[PDB]
Protein chains: 2
Amino acid sequence: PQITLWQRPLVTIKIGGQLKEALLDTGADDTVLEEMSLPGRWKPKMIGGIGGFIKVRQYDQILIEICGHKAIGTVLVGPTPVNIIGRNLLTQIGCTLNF
Amino acid sequence: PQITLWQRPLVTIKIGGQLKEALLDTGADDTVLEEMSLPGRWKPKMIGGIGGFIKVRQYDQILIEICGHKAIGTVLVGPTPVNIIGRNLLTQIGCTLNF
Ligand SMILES: O=S(=O)(c1ccccc1)N(Cc1ccc(I)cc1)[C@H]1CNC[C@@H]1N(Cc1ccc(I)cc1)S(=O)(=O)c1ccccc1
Ligand SMILES: [Cl-]
Ligand SMILES: [Cl-]
Ligand SMILES: [Cl-]
């Protein structure tokens with residue numbers, strides 16, 4: 001698809017067999033989702049920006065489906081105000097900026 | 001152009017006659033620049049980010065060039081981690097996400 005930026009670029013994702021809404025975010029290095037369980041090992045991380053920093057759990061090699069596109073990559077889980085799909089997974093679905 | 005996301009989408013902008021580096025950020029509603037001098041009056045603006053909300057300065061109808069593309073619109077100024085070009089100006093230069 002071609003997604004406009006007149007509104008926030010929100011899409012449906014499937015992860016851990018759950019359907020969620022998330023923001024396609026070219027300014028985010030990493031994908032960050034609100035508190036949820038994920039399988040496997042994890043390590044803590046801090047991410048930050050306007051407003052300060054939050055602590056997240058980093059899970060690697062997680063399967064995700066983004067607007068019907070299957071991918072795998074690292075997912076950070078923690079108290080983000082919005083679910084974010086970052087560049088680590090946008091690349092895998094072939095997402096580009098165009099003007 | 002078409003910008004892939006394997007690296008941060010950092011571009012050159014021009015504002016107040018000066019070149020600066022800024023991030024094309026589809027996760028930011030607004031354009032937010034590092035502390036600088038801009039003309040005219042400003043108004044207060046609360047913006048939300050990963051750690052919470054903060055107050056920044058809002059300047060309207062400011063000339064800014066993004067990758068050579070001329071724009072005129074609202075620029076926020078505050079303690080942003082990096083200069084950010086958000087959806088208000090991305091929309092104005094005709095940028096979309098595509099996959
Ligand atoms: O500072 S920011 O929260 C911001 C928001 C609005 C306007 C200006 C700034 N930021 C930009 C940012 C850019 C580079 C770096 I280094 C750190 C932050 C965001 C906006 N989109 C990407 C960043 N994030 C996503 C986000 C989007 C919307 C909201 I509401 C909250 C978080 S992030 O969770 O912080 C982030 C930080 C590190 C790794 C992955 C994700
Ligand atoms: Cl990854
Ligand atoms: Cl590619
Ligand atoms: Cl504007």
# chains A, B, ... in the order shown; residues from 1 in each chain; ligands from 1
$ select_by_dssp --residues "chain B" --states "strand (DSSP E or B)" --output "JSON, numbers by chain"
{"B": [2, 3, 10, 11, 12, 13, 14, 15, 18, 19, 20, 21, 22, 23, 24, 32, 33, 43, 44, 45, 46, 47, 48, 49, 52, 53, 54, 55, 56, 57, 58, 59, 60, 61, 62, 63, 64, 65, 66, 69, 70, 71, 72, 73, 74, 75, 76, 77, 84, 85, 96, 97, 98]}
$ write_last_selection --atoms "C-alpha atoms" --output "short mmCIF file (atom, residue, chain, number, x, y, z; two decimals), in the first residue's frame"
data_model
loop_
_atom_site.label_atom_id
_atom_site.label_comp_id
_atom_site.auth_asym_id
_atom_site.auth_seq_id
_atom_site.Cartn_x
_atom_site.Cartn_y
_atom_site.Cartn_z
CA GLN B 2 12.98 6.85 -2.23
CA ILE B 3 14.63 6.38 1.18
CA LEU B 10 18.80 11.59 8.27
CA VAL B 11 18.60 14.39 5.77
CA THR B 12 19.84 17.96 5.39
CA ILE B 13 17.38 20.76 6.08
CA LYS B 14 17.80 24.53 5.77
CA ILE B 15 16.23 26.97 8.21
CA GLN B 18 21.59 27.44 8.03
CA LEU B 19 22.01 23.78 7.16
CA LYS B 20 21.19 21.21 9.77
CA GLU B 21 20.81 17.42 9.99
CA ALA B 22 17.29 16.16 10.81
CA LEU B 23 15.46 12.82 11.04
CA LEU B 24 12.39 12.04 8.90
CA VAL B 32 10.65 19.61 16.61
CA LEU B 33 14.07 21.24 16.37
CA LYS B 43 2.88 29.90 21.70
CA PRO B 44 3.08 27.00 24.17
CA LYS B 45 2.60 23.42 23.02
CA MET B 46 2.50 20.16 24.94
CA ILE B 47 3.84 17.16 23.07
CA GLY B 48 3.93 13.50 23.98
CA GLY B 49 6.92 11.28 23.53
CA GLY B 52 5.88 11.52 28.79
CA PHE B 53 4.70 15.00 27.76
CA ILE B 54 6.79 18.16 27.71
CA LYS B 55 6.16 21.78 26.86
CA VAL B 56 7.93 23.27 23.83
CA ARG B 57 7.77 26.54 21.83
CA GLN B 58 5.53 26.71 18.76
CA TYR B 59 6.47 29.03 15.86
CA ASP B 60 4.08 29.25 12.90
CA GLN B 61 4.57 29.85 9.15
CA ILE B 62 8.35 29.31 9.26
CA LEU B 63 10.32 28.75 6.04
CA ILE B 64 12.18 25.45 6.04
CA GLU B 65 13.70 23.37 3.25
CA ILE B 66 13.83 19.57 3.54
CA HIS B 69 12.08 20.84 -1.02
CA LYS B 70 10.75 24.23 0.16
CA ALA B 71 8.10 24.22 2.91
CA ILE B 72 6.44 26.80 5.22
CA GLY B 73 4.75 25.63 8.37
CA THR B 74 4.85 25.09 12.09
CA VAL B 75 8.20 24.39 13.79
CA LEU B 76 8.46 23.45 17.46
CA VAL B 77 11.64 24.19 19.42
CA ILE B 84 12.85 15.85 13.81
CA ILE B 85 10.78 16.41 10.70
CA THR B 96 4.32 8.71 1.88
CA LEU B 97 5.21 5.30 3.27
CA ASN B 98 5.15 2.48 0.71
#
$ residues_near_ligand --ligand "ligand 1" --cutoff "7 Å" --atoms "only C-alpha atoms and all ligand atoms" --output "PyMOL selection string"
(chain A and resi 25-32+47-50+80-82+84+86) or (chain B and resi 25-32+47-51+80-82+84)
$ select_by_dssp --residues "chain B" --states "alpha helix (DSSP H)" --output "number ranges by chain"
B: 87-92
$ closest_residue --among "A:37, A:1, A:16, A:92" --to "chain B" --atoms "only C-alpha atoms"
A:1
$ closest_atom_pairs --of "chain B" --to "ligand 3" --cutoff "8 Å" --atoms "only C-alpha atoms and all ligand atoms" --output "JSON lines"
{"residue": "B:4", "atom": "CA", "partner": "ligand 3", "partner_atom_place_in_ligand_line": "1 (Cl)", "distance": 6.1}
{"residue": "B:5", "atom": "CA", "partner": "ligand 3", "partner_atom_place_in_ligand_line": "1 (Cl)", "distance": 7.8}
{"residue": "B:6", "atom": "CA", "partner": "ligand 3", "partner_atom_place_in_ligand_line": "1 (Cl)", "distance": 7.6}
$ atom_distance --atom1 "CA of residue 95 in chain B" --atom2 "CA of residue 39 in chain B"
26.8 Å
$ closest_residue --among "B:17, B:9, B:68, B:40" --to "chain A" --atoms "only C-alpha atoms"
B:9
$ atom_distance --atom1 "atom 1 (Cl, counted along the ligand's line) of ligand 4" --atom2 "CA of residue 34 in chain B"
17.4 Å
